[PDB]
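Notes for the structure review
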Amino acid sequence: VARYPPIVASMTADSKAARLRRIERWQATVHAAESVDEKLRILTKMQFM
Amino acid sequence: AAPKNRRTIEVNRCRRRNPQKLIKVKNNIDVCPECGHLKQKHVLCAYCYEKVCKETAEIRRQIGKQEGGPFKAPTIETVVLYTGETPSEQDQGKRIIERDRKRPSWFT
Amino acid sequence: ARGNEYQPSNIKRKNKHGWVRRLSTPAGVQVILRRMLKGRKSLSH
Amino acid sequence: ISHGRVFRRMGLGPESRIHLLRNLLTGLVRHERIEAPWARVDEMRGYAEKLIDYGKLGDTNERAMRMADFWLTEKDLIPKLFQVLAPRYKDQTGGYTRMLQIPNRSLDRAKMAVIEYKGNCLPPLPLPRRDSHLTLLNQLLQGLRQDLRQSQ
RNA sequence: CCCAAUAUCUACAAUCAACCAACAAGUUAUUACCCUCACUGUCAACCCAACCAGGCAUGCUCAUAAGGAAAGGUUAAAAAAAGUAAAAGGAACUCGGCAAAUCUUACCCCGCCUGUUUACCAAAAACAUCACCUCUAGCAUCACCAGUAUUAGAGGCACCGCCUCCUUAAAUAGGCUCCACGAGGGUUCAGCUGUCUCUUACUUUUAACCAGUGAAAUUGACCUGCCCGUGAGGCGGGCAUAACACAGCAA
Ligand SMILES: [Mg+2]
Ligand SMILES: [Mg+2]
Ligand SMILES: [Mg+2]
Ligand SMILES: [Mg+2]
Ligand SMILES: [Mg+2]
Ligand SMILES: [Mg+2]
Ligand SMILES: [Mg+2]
Ligand SMILES: [Mg+2]
Ligand SMILES: [Mg+2]
Ligand SMILES: [Mg+2]
Ligand SMILES: [Mg+2]
Ligand SMILES: [Zn+2]
């Protein structure tokens, strides 16, 4: 009956693994979006070069 | 406020060279009786500690090269073995971190 | 708060201190000639 | 006045103090030996000891699991705590960590300290031995050992 | 970084532009030419503030996929700064409920209202302002104005309507009509609270110590005491008096 917390990296930390996990956070924000409108909104709202 | 008069070199010398401001001679230095380097009593021989940190760093570099990436703290003990040292009968089931130089005399 | 009265602008700088503005009036030609006499190597802005 | 206050003051407040000590303790559990400023290590030694105490209770206990969840930040170390450290000290009932002072830091000349968990694999710290038992004063004291033992 | 010439035109808004409703009223026909991509910006941690918790227009992300580090090490003295908590009492503080905590009420003076002002001590009871009144002016192509007496300029006043003893235990305080509004001024009810009776604890910065880097006002010379008198560390008469840092205080 071992409740081991998961083996994941941290969210708020300033490293590379934290950056990847925040990438997964917004990608899971789009996976859990039902309208194609919102999927395209979230998947293109950040304007970069 | 502000000074009313310059202070002479005499007063400044009686302040700057007062004993309370001098650097005290340290009564607790000696020589590592075996190793023969300077040290304070309550502190580690600096040369010995450096020669230990070098080996710790080399061992840890091997550990990193073997564990691959981050988040890989093993769940078993670890033993480090130098050249021509077969894993002893007590160290089976413990991760081995091979090194390629003769074991230091100070490593027991 | 003061001290930032110079908000640079190339159009303004070339319009109100430039070669053509000096040469568009006798006073400006006098200015250019003074600065030619004193030896300057920056006659006009 | 600060009579009977056992906790140092460090960081930007109490919370930052707990977080600093938490990072030190995580580094200690991950590498089993760390060099840090002396006062911070002296503050963290008690926490490392009690962490091993909580880890002895074992995985099944939930209070210990929550505590080790808070006090370890990269969770790969929580296995270790409950399967390499706490088992290692099944015999010792106290004093799992040794703390030494080392040459002051080059840059800011702070008072340093190496702290490690007893029994690790690393090359051993150059501990200071006592005087050999065969020295003059020790020999005279050994003679007194004998002569007092026979009398009693 | 532009455009071949000439004539013609060019009455009706924009507001999801359709319903209602308004006022501040918002290019081509002919003639000439069958030519092709040259030239410049493109960097950065950046610019104006002597180096900087300041200043800096627009588009998009609205809490971050981007960007960063509030603690050189230590100890936990005073005084100072910011914050959190507080017994009973709740303005007795004080010039004044300034600050803080809590959210209610009532009136009075001034000004009608929104607005504007003394960049850097005054935001107001001052300026402006609709409304009213007075004075001047019969009119062309550079303002008033491509206007014309219901117009233009210059002044005063300030819509509109009406006319030309109580309070407190105690009190020097408060008590032309005219809604609405005010970081305006004065007063009051109730609450609230460390404002206070009367302070206390903890945290952070400062602080003190170790290490690095390292100013400025000020300075006749100083081997820089106290009391009484004279007119005051320095004169006189008494007293005191081994030298030397460090942290405080402000006669
Ligand atoms: Mg670019
Ligand atoms: Mg980032
Ligand atoms: Mg600190
Ligand atoms: Mg910092
Ligand atoms: Mg500091
Ligand atoms: Mg109270
Ligand atoms: Mg106003
Ligand atoms: Mg006002
Ligand atoms: Mg210093
Ligand atoms: Mg006197
Ligand atoms: Mg002093
Ligand atoms: Zn040694």
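Residues numbered from 1 in each chain as written, not as in the entry; some residues may be left out. Chains lettered and ligands numbered in written order. Part of a larger assembly, values for the part shown. Heavy atoms only, no water.

- Structure determination for this entry is recorded as cryo-EM, at 2.89 Å resolution.

- In the nomenclature of the PDB entry, chain D is known as 39S ribosomal protein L17, mitochondrial of Homo sapiens.
- Entered under Subcellular location in the UniProt record, the comment concerning chain D runs "Mitochondrion".
- UniProt, in the comment section headed Sequence similarities, describes chain D in these words: "Belongs to the bacterial ribosomal protein bL17 family." (UniProt positions renumbered as here; feature names shortened; annotations may be inferred.)

- Chain C carries the name 39S ribosomal protein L34, mitochondrial in the PDB entry, which gives Homo sapiens as its organism.

**Quick look at the sheet that holds strand β1 (residues 33–37) of chain D**
Residues and elements named next belong to chain D.
- Spatially, β1-β3-β2 is the arrangement adopted by the 3 strands of the open sheet, whose pairing is antiparallel. One side of each edge strand has no neighbouring strand; the edge strands of this open sheet are β1 and β2 (97–100). On average, each strand axis in the sheet is inclined to that of its neighbour by 20°, with strand direction left out of account.
- As judged from the 5 bridges shared by β1 and strand β3 (residues 112–117), these two strands associate in the antiparallel manner. Bridging from a neighbouring strand, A36 pairs with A113 of β3.
- Against the sheet, helix α1 (residues 14–31) makes contact with β1 and β3, and its axis sits at roughly 155° relative to β1, the strand it touches most. (Pairing = 2+ DSSP bridges. Helix = DSSP H or I, 4+ residues; strand = E, 2+ residues; numbered from the N terminus. Axes fitted to C-alpha atoms, helices over the stretch in contact; angles between N-to-C directions. Contact = heavy atoms within 4.5 Å.)

**Focus: the interface of chain D and chain B**
- Facing the 23 residues of chain D at the interface are 23 residues of chain B.
- With both sides pooled, the region where chain D packs onto chain B buries about 2,100 Å², and carbon together with sulfur makes up 64% of that total.
- When the area that chain D buries against chain B is broken down by residue, the three leading residues are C121, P123 and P126 of chain D, summing to 25%.
- Run the count over chain D and chain B and you get 1 salt bridge.
- The salt bridge involving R88 of chain D is made with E77 of chain B; its shortest N-O contact spans 2.8 Å.
- Here chain D is connected to chain B by 5 residue pairs in polar contact.
- Looking at the side of chain D that touches chain B, the elements with two or more residues in it are α1, β1 and α4 (77–88) of chain D.
- Per-element tally for the side of chain D that touches chain B: the top contributor is α4 of chain D, with 6 residues.
- Considering only residue class, the side of chain D that touches chain B consists of 13 nonpolar, 3 polar and 7 charged. (Buried area = accessible area lost by both parts, 1.4 Å probe. Salt bridge = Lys/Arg side-chain N within 4 Å of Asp/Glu carboxyl O. Polar contact = N/O pair within 3.5 Å; in protein donor to acceptor, adjacent residues only side chain to side chain. Nonpolar A, V, L, I, M, F, W, Y, C, P; charged D, E, K, R; others polar.)

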